[PDB]
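We count ligands from 1, going down the list as the structure has it; atoms in each ligand are counted the same way. Here, residue 1 is the first one in the sequence, and each next residue gets the next number. Only heavy atoms go into these numbers, but all of them, side chains included; no hydrogens, no water, no symmetry mates.
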Amino acid sequence: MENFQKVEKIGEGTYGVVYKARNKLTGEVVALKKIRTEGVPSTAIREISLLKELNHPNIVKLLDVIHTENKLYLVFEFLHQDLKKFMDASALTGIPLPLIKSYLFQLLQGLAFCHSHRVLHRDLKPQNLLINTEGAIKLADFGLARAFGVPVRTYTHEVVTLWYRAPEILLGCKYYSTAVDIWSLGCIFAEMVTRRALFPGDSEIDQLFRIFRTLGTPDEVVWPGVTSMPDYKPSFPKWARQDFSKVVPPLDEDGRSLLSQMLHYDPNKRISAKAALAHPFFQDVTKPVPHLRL
Ligand SMILES: CC[C@H](CO)Nc1nc(NCc2ccccc2O)c2ncn(C(C)C)c2n1
């Protein structure tokens, strides 16, 4: 739209390219996501319009939706940094536990809200967790996956990462639940603590096998109904569960307890966002400011 001047390429999501841009009338700086072309499904327009209404302090505000020349621009509030870059800048020191705790709590609030409206994120990852100078963190790209069912490649066919995908998605479950977001967030929590991705799979089977190697190969004892899943194979190798203090040292017992509940195989035993907010790990939660370099 002629109302915006591009400032710089922010990046390239699954659906299209993101630009930092300035509104010419009001002068606000925004992030513009440009999506491409059949006439744009009317279904997607309806669904994306309902996300305009999903407002919470821990969700990146969708300002406006412009459908033009049968093309789609999503206008978001702009944040100055994402968690992936903040993790990479904290690589040698690590993020302080109070700030990890604060970010985890805030995202759980975000998720509890979206989930109480039956909106799932579906593709949570450090690059879509955005942070500001005031100690906030926000969920970005919320509900877009459901608009048009995400593939495994982007617009120049860059790779969509599998590292945060819940096992039920990987095993072919079609009707997965809000629990998939909790799994992703657990994966991110572990990565903040250890400064290494928990399950860095480079294919779906490598992603599944990395999960199995750490958490044990799932069976009917831990996950009733698992062997009836579309992509479950009797022939999966049989790995025993590793002791869990091995996975996220030097995280304390409360954090390890929460993480373990976030990473339960069975989506029905996996902790809900609302329950997680009441976990003992957050008894002493605070809201520190990060020093950000912009
Ligand atoms: C490539 C798009 C992703 C979406 O999570 N990055 C990103 N970074 C944002 N900000 C962080 C950032 C700042 C400066 C340079 C790159 C960069 O990603 C951002 N602010 C609003 N949005 C909307 C589209 C959600 C944003 N999206």
Below 4.0 Å from ligand 1: does a non-hydrogen atom of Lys33 turn up there or not? no
Within the structure provided, determine whether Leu83 and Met192 are in side-chain contact (heavy-atom separation under 4.5 Å). yes
Below 4.0 Å from ligand 1: does a non-hydrogen atom of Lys20 turn up there or not? no
Centres of the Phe189 and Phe281 rings: under 6.0 Å? yes
Contacts under 3.5 angstrom, residues 38-65 side chains, donor-acceptor by atom type, not counting sequence neighbours:
from	atom 1	to	atom 2	distance (Å)
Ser49	OG	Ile45	O	3.0
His56	NE2	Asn58	OD1	3.3
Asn58	ND2	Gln106	OE1	3.0
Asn58	ND2	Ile137	O	3.1

Aromatic rings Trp223 and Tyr265: how do their planes relate, parallel, tilted or perpendicular, breaks at 30° and 60°? parallel
For ligand 1, which atoms, with element, lie under 4.0 Å from some heavy atom of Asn128? 5 (O)
Going by the atom numbers of ligand 1, which of them fall below 4.0 Å from some non-hydrogen atom of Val18? 1 (C), 2 (C), 24 (C)
Purely on distance, is any nitrogen or oxygen of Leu79 under 3.5 Å from one on ligand 1? yes
For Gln127, the ligand 1 atoms with a heavy-atom partner under 4.0 Å come out as 5 (O)
So CD1 of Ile182 and CG of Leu108: to nearest 0.5 Å the spacing works out to 5.5 Å
Just go through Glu12, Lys61, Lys85 and tell me whose heavy atom is the nearest to atom 12 (C) of ligand 1. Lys85
Heavy-atom check, side chain of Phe78 versus side chain of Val7, under 4.5 Å: no
Taking only non-hydrogen atoms of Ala140 and a 4.0 Å limit, the atoms of ligand 1 in range are 5 (O), 25 (C)
Which of the numbered atoms in ligand 1 are under 4.0 angstrom from any heavy atom belonging to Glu77? 20 (N), 21 (C)
Does ligand 1 have a heavy atom under 4.0 Å from the side chain of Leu74, from its backbone, from both, or from neither? neither
Tracing side-chain links under 4.5 Å among I, L, V, M, F, W and Y, which residues wind up in one group with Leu25? none
